[PDB]
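Quick notes on the structure that follows.
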Amino acid sequence: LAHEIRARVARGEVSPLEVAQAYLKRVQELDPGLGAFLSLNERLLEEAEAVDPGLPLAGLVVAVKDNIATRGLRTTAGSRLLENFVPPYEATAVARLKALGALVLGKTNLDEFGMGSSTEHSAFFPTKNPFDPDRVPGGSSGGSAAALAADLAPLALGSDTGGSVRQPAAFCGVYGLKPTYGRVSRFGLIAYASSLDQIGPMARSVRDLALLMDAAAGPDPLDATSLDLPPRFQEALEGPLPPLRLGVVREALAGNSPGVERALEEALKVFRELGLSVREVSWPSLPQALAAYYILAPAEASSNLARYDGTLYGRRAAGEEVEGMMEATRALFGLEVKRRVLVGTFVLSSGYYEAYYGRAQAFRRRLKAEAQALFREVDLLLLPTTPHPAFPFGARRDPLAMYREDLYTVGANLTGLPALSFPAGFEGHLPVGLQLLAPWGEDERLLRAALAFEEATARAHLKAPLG
Amino acid sequence: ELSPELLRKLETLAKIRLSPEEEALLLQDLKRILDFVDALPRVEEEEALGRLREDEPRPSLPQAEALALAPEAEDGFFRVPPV
RNA sequence: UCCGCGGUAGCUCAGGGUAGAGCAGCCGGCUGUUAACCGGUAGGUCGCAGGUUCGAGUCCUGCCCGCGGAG
Ligand SMILES: [Zn+2]
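Going down the list, the sequences are from chains L and D.
Quick note on full-length UniProt numbering: the first sequence kicks off at 2 and runs consecutively.
Read in order, the letters of the second sequence are residues 2 to 46, 50 to 87 in full-length UniProt numbering.
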């Protein structure tokens, strides 16, 4: 629907100002109940929507996750520490969309600092799943997903560290891409695990994902970890193998819910009638990756969130003593954050560094290896984004049960591989999603594959009306 | 293998002051988590391709915009409680 | 320095209500033992000094000592 809008705009049938007014209204009427947006781009939207021409993304408006810097707009990262913080600079990704006519609708709700898998850890309020108001939209990009599924926005930006983009996309029945680590800039991302974080696009169609990535991705002189690889995404004008080899991961086959297994089998039939060589492969240590993640990520998180004392920009807790002030200000963290940064401090702490961090590092290198070897025999990998559909609020009381939400999604980040999450059915009016993987840098290929699947069927629905 | 003393030590290192209620709570969580992670198997274990930035000046923030983030400022300085 | 296991007969280690067993020692038995074994018996700063308890080897505060482990 995104590319459809830009079409109507370029032909003069509609003006960008018209599109904004339309979406702004829808938000003001539906968001109250949904709770997808934290902040909204004030008068600076209507004003900015009437001072643009015929650029590629003119009529488009984007919903950005609130841990991504937007100059002049409140960027809270879903935390109390930053509930009044407004960046004097703009995230490279966002900056690029803006230069192509795009505009920010508002900022999306997330789990505090991106650490969460249900949005139930937002310092402000939970977000509701448009398909079922009694169930979570996933996390931590729960807001962005929820916004898309309710057509509160044509485009959306999210953040992925352990599936924070894929898991929500699955729960809300939309597309979520985690780009090869290095494709999109991290400058402007209030990130928590530097080695694993990546801004990811999400949309209601694969052609739309192409629009975002083509605009957002690319080398940034400010990010020393960014790759010099031209996007070239919108060349989804298919000359697609036929005949790619697809490898299904055994380890992720057992433990899935009826609707996931069902959606999985059906997808295979589809890829076969498409000309793909489907074969079962082995991801030996994949099941043990969840552990390595919850020792590598927390480690980096402790050091990344260390800067949040009340000295220069956060909230000040009021101590009057400085050490005491720092100690009191950080107490404003949520239960989940505290939990993770306490783990992170332990894993790096003296006497435990090699025993844990050093251990998880060596294991992280195994996965990359086992993956290199797998892509010597196959061209794509397939598994569920999650073993089940969105769960109802209240479950996942045990912090561990929450972590195991990212059982299948952690592999992507730990290795760095591109991973796409596409809709693949419904476990009874509940959207279930499947996860495609490709070798490093072959983002465009898995999108191309995603198109074939999408075209081979038309299976995507919107819980709320779409304008 | 996690004593209440370590928690204290950790919360010290992280400069995070939690309530005695949270301490008892997190004490149980951390235990379970550190057990889950400890299950990680040990295994045996690249080329340097990093780049450098040119020594060319880039415009700075205007003092006004910088101090606007500060909870407390005084005569062009960031103001914090005393040591 | 920190952390984790230890400190009980002589030696090597068992365990909130006389502190125990086999090795050797003592007494008694046995002509082929290889670390002989059978009975009986003697053997104590439970680490040291302070607490809870009616009662502490056992639990809890500090210290001494040994081994091991950390970038
Ligand atoms: Zn500078």
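Built from N, CA and C at the ideal position, the CB exists for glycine as well.
Chain D places a beta carbon closer than 7 Å to that of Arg366 of chain L, counting this residue as a contact. In this structure, the CA atom of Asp209 of chain L is about 11 Å from the CA atom of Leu58 of chain L. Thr312 of chain L belongs to the set of residues whose beta carbon lies under 7 Å from a beta carbon in chain D.
Under the 8 Å Cβ criterion, the stretch 228 to 239 of chain L does not count as touching the stretch 103 to 119 of chain L, having fewer than three qualifying pairs.
When CB distances to chain D are screened at a threshold of 7 Å, the residues of the stretch 278 to 303 of chain L falling below it are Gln289, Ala292, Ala293, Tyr295, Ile296 and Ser303, in chain order.
For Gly426 of chain L, the enclosing beta strand (DSSP E) begins and ends at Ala420 to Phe427. For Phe82 of chain D, the nearest beta carbon of chain L is closer than 7 Å to its own beta carbon. The beta carbon of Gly164 of chain L sits closer than 6 Å to those of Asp407 and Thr410, all from its chain and outside the five residues before and after it, given in chain order.
Taking the Cα positions, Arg57 of chain D is about 47 Å away from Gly276 of chain L. Residues of the same chain with a CB within less than 7 Å of the CB of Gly115 of chain L, apart from the 5 flanking positions on each side, are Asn68, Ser141, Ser160, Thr162, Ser165 and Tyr193 in chain order. Scanning its chain for C-beta atoms nearer than 7 Å, with the 5 sequence neighbours on each side dropped, one finds around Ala318 of chain L the residues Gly311, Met326, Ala329, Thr330, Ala332 and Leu333, in chain order.
By the neighbour-count definition (other C-beta atoms within 10 Å, threshold 16), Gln29 of chain L is an exposed residue. The C-beta distance from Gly426 of chain L to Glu267 of chain L rounds to 7 Å, short enough to fall under 8 Å.
By the C-beta criterion, the stretch 26 to 44 of chain L is judged to be in contact with the stretch 70 to 90 of chain L, since at least 3 inter-stretch pairs fall below 8 Å.
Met203 of chain L has L:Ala157 and L:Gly177 as its beta-bridge partners, per DSSP. Close to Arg360 of chain L, with beta-carbon spacing below 7 Å, are these residues of chain D in chain order: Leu41 and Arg43. Annotation: the continuous beta strand (DSSP E) that includes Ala64 of chain L extends over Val62 to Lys66. Here the stretch 222 to 232 of chain L makes no contact with the stretch 242 to 250 of chain L; the two share fewer than three CB pairs at distances below 8 Å. The C-beta of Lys32 of chain D has fewer than 16 other C-beta atoms within 10 Å across all chains shown, which makes the residue exposed.
For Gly429 of chain L, the number of other beta carbons within 10 angstroms of its own is below 16, and it is reported as exposed.
With distances taken between CA atoms, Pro241 of chain L lies nearest to L:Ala450 out of L:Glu274, L:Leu336, L:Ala450 and L:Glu5. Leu45 of chain L is classed as exposed because its beta carbon has fewer than 16 other beta carbons within 10 Å across all chains shown. Between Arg340 of chain L and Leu27 of chain D, the beta carbon gap of about 6 Å places them in contact (Cβ cut-off 8 Å).
When DSSP states are grouped into helix, strand and coil, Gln235 of chain L belongs to the coil group. Chain D has a Cβ within less than 7 Å of the Cβ of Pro400 of chain L.
With contact defined as three or more Cβ pairs closer than 8 Å, the stretch 176 to 186 of chain L and the stretch 199 to 217 of chain L are in contact.
The continuous alpha helix (DSSP H) containing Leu14 of chain D extends over residues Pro5 to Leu14. DSSP lists L:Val62 as the bridge partner or partners of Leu104 of chain L.
Chain-order list of chain L residues neighbouring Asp59 of chain D: empty, with the shortest C-beta distance near 14 Å, by a criterion of under 8 Å. Close to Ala372 of chain L, with beta-carbon spacing below 7 Å, lies no residue of chain D; the smallest spacing is near 15 Å. Restricting attention to beta strand (DSSP E) runs no shorter than 3 residues, the stretch 365 to 401 of chain L encloses them at 381 to 385, ordered along the chain.
Around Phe126 of chain L, the same chain offers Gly36 and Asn110 as residues with beta carbons nearer than 8 Å, after the five sequence neighbours per side are excluded. Scanning the stretch 253 to 316 of chain L from its first residue to its last, the whole beta strand (DSSP E) runs of 3-plus residues come out as 278 to 282. The alpha-carbon of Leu437 of chain L is positioned some 33 Å away from that of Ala11 of chain L. Chain L places a beta carbon closer than 7 Å to that of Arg18 of chain D, counting this residue as a contact. Selection L:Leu98, L:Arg263, L:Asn305 and L:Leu82 evaluated against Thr346 of chain L yields L:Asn305 as nearest (Cα-Cα).
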